[PDB]
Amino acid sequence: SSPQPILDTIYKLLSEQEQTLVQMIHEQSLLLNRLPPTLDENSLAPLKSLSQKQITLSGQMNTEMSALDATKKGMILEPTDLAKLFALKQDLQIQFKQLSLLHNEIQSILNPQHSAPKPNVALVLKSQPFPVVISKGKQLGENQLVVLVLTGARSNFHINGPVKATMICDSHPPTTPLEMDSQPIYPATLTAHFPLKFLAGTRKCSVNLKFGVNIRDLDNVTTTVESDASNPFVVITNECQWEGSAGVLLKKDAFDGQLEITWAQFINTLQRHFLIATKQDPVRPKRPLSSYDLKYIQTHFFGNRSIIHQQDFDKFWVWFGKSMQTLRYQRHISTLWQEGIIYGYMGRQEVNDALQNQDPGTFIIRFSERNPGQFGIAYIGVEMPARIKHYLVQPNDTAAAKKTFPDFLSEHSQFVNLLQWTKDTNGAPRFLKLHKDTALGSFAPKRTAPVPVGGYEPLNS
């Protein structure tokens, strides 16, 4: 954590390199129309000097990529730094492709016969909402999926037809999954916005989008140019699949055709997916998996190694995937957990040691380790001597509309003063004894008529 250096360094590079390519795209096409009918030396001295600058710059661009690729693989990045590495990675990739087309162009001059290069165009995803688990039928925003066309200084070609989107699944083993696959291109920017409509589930299989357009050479040769695959994603048809899809998506994004990945590589991906599940802000998340939650995960499901394997995942998701389906779908859980109301990821010994001798009625809510997707309230009992008593909250305790976990909680005098997970002044998270009613404040049943004074009342309510 705190890779604040590596990244802010690379960000300044990209902002500069961004401007270098502007003056370079101009400098090139300029020095390109000014090349005589033909002549070698005197005429091609300035082009060779450019090629030099390009190759040099290409190299810096390669060092950068490795630097980033190594950070994601070797450092646990905090939410902000994480979202940034991803952003820098995407932009540097584009810069690299841009520079590449300019160079291939200047090269098709200095050293022709080298052949190939094909039409010097390129389709890249300037922005995408993937990865993510999409619910069948939702439609993307007008600026969520934008495709950018990259060219050389001089365009020795024309574009025929619109840019098309094609869904692909490479675990290959009979209709239209998308709506609005064809989009024209904006001139001032050469971009194409795809407000795709997802018309079909994927059957819990990762998927990627591919864009392509037909380019007609200046010699009337038609070539189809395509983009690399987008980030993976899955389309589900019922909130019942969110898990299987989400796990598959996570497993795919995490390992990517590999059997073993670093610990950092793994959690950096999960953190990313965890925030997407809980629909939290990527940069300033209300509550991201903390270092504590990571260690818990690293200990209870991974042997505490700094290298994770393919099959250790299958077991981790059996449990974890459930804890998340609960966070994303069970009413108020997400909100209550993001607040500190529900601690969540904690093991026995830890829940107990955190309660060692507290007034009776003190409790902490966390995830059952044997009952995936379920909570286990650990409270101190009334009976003497007072001992720590755990309670598995079961499905029937909650009911779809009426009793939601927060209702259930304020109905048992056995749950008095909560141990909330609050943030301190040095920002450090802490445990401060609120009162079941104070903490649940925002969820409590709003008393209409004021409190009765004088006779007798019912016991609990």
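One rule holds for the numbers: they count along the sequence shown, beginning at 1.
- Counting the unmodelled positions of the deposited sequence between residue 187 and residue 188 gives zero.
- Look at the C-alpha B-factors of 197-205 and of 218-226. On average they run higher in 197-205.
- Comparing the deposited coordinates for 209-217 and 351-359, the stretch with the larger average C-alpha B-factor is 351-359.
- Listed residues 384, 341, 159, 234 were ranked by CA B-factor as deposited; 384 comes out on top.
- Highest CA B-factor among 314, 142, 293, 78, as stated in the entry: 314.
- Annotation for residue 45: CA B-factor lies in the highest third of the chain's modelled residues.
- Looking at the C-alpha B-factors along this chain, the one for residue 171 belongs to the highest third.
- For residue 21, the recorded CA B-factor ranks within the middle third of the chain. Only modelled residues enter the ranking.
- Residue 288 sits in the middle third of its chain by CA B factor, as recorded in the PDB entry.
- Per-chain ranking of the deposited C-alpha B factor places residue 91 in the lowest third.
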